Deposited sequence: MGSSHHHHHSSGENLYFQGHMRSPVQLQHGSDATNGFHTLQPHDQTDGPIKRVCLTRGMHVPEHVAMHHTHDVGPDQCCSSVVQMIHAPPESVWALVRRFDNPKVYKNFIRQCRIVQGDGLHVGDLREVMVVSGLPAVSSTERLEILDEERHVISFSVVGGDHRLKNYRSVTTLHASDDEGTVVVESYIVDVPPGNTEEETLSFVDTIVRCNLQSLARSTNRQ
């Protein structure tokens, strides 16, 4: 967006759009210290079942302990995650393969992140 401190969020959360490629931002912050949050955002659970099958092909491309950055990816995703307490932004990338529209998908890959960075705040109250 142009956050409070988009500084390590810069090169990362900056993703290239495309003709089929997409991406978006988030608002979820925590008041427990940041390194106490990183703690949990470092140990690779949050398929979720539902549909008959469930596949993924994930991979780590960035790991930064000193400044706090872990970039997920697929084998298209390219999730990036950043940080009196702490902030936690979010962004990713994706595909609209014939079958839907961005206002279902990026709102199908949107709604989950809140339910993933919301899971993180409970575990570090405030």
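Counting from residue 1 of the deposited sequence, the stretches lacking C-alpha coordinates in this chain are 1-56, 101-103, 106-130, 160-166, 175-179, 223.
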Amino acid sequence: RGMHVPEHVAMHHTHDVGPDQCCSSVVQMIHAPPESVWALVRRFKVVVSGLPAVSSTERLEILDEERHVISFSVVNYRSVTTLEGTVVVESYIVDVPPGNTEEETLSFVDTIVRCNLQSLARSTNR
From here on, numbers count along this sequence of modelled residues.
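Taking the mean C-alpha B-factor of each stretch as recorded, 111-119 and 6-14 are not equal, and the higher mean is that of 6-14.
Comparing the C-alpha B-factors of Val46, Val54, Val37, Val80 in the entry, the top value falls on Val54. In the deposited entry, the Cα temperature factor of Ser71 sits in the top third of values across the chain's modelled residues. Ranked by C-alpha B-factor against the other modelled residues of its chain, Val27 falls in the highest third. Sorting the modelled residues of the chain by their CA temperature factor places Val89 in the middle third.
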